[PDB]
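Only one chain comes next, encoded as structure tokens, the form deposited in one PDB entry.
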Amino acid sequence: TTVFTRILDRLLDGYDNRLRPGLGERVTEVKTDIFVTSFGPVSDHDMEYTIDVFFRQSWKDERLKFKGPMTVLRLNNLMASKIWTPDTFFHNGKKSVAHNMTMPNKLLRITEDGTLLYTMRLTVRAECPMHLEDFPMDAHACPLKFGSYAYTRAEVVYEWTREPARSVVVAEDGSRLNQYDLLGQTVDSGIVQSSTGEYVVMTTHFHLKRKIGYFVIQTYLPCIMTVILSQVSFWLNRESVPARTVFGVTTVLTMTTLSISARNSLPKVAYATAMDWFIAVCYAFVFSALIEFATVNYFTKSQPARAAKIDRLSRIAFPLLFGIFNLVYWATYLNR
């Protein structure tokens, strides 16, 4: 056991952790890969998503060459603070966590030729800008961009360990999405520029498509039922004024409850979404039914035949128009 202690002391003898490997001689090449243990929930209100990853980096450092009975040293994570490690950060991250229970979730492994494997476990909250013009039938491409913070492309370059499509691996059990479906991911790399120089960025896009069943059984069906219920009033006699008044009032209140319940889901955007259009048209139908009832009641005594004709025409016009609107709306948004 003392042999390995002497080897480690020799390795750390005169080693400077403030200088990157090949400082002024070559370019440090860090090969990275990601194992997504669980793609966490997506927050529409905050426009952010959570992800839990095993983040692995590997690079060559010849100052740590050694020869001994073993070829690979799997050392304690605190040793990672005694040597130089890349300062990778996530460009679009918001508030990330490096788990520290029960010990710092890090592993360091050194091969006899100097190769270092450094792995950590992270939870990242990343920004996912969203265009909600097709809510709740929209698709998104949430990005995850990372790279060095202090070293430019002339000093540290990043690469994927294997083919880019296979360097980001999603675990089968890792799906905490209650509302979206993870179609796939796209892996790319590029160069970014800023006032401090040019840096290398590794990017991974996750493609998500929202599931519509919840809004179908939560907003669309109650609204359709309320509209049909309001249209039911046209079959009653013209004399029953209190009946149709109760019809209108109760339908309006139910629509108000449904609209209040549905609107809180979205963030406070300034444009109009598909759900807003549907709610507005349902409100228009209910209010038009109420106004038609008032107009029919107006012509009750002076021209009863005209009132009967208007009611008879409405009995056909309202359901037909609502069906046409539903067909147009669905054939428009579903195909888009």
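Definition used throughout: the rigid core is the maximal C-alpha set that superposes within 1.5 Å between two forms. In case it trips you up, residue 1 is the first one in the sequence shown, and so on.
Omitted from view is the form deposited in another entry, to which the following refers.
Novice: If you fit the two forms on their rigid core, which residue out of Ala150, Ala98, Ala171, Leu253 shows a CA shift of at least 2 Å between the shown form and the other one?
Specialist: It is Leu253.
Novice: Would you say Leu108 moves its Cα by 2 Å or more between the shown form and the other one, aligning on the core?
Specialist: No, the C-alpha position differs by under 2 Å between the shown form and the other one.
Novice: Return yes or no for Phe234: a CA shift of at least 2 Å between the shown form and the other one, with the rigid core superposed?
Specialist: Moves: yes, 2 Å or greater.
Novice: Do you see a C-alpha shift of 2 Å or more at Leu122 between the shown form and the other one, with the core held fixed?
Specialist: False for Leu122: its C-alpha shift is below 2 Å.
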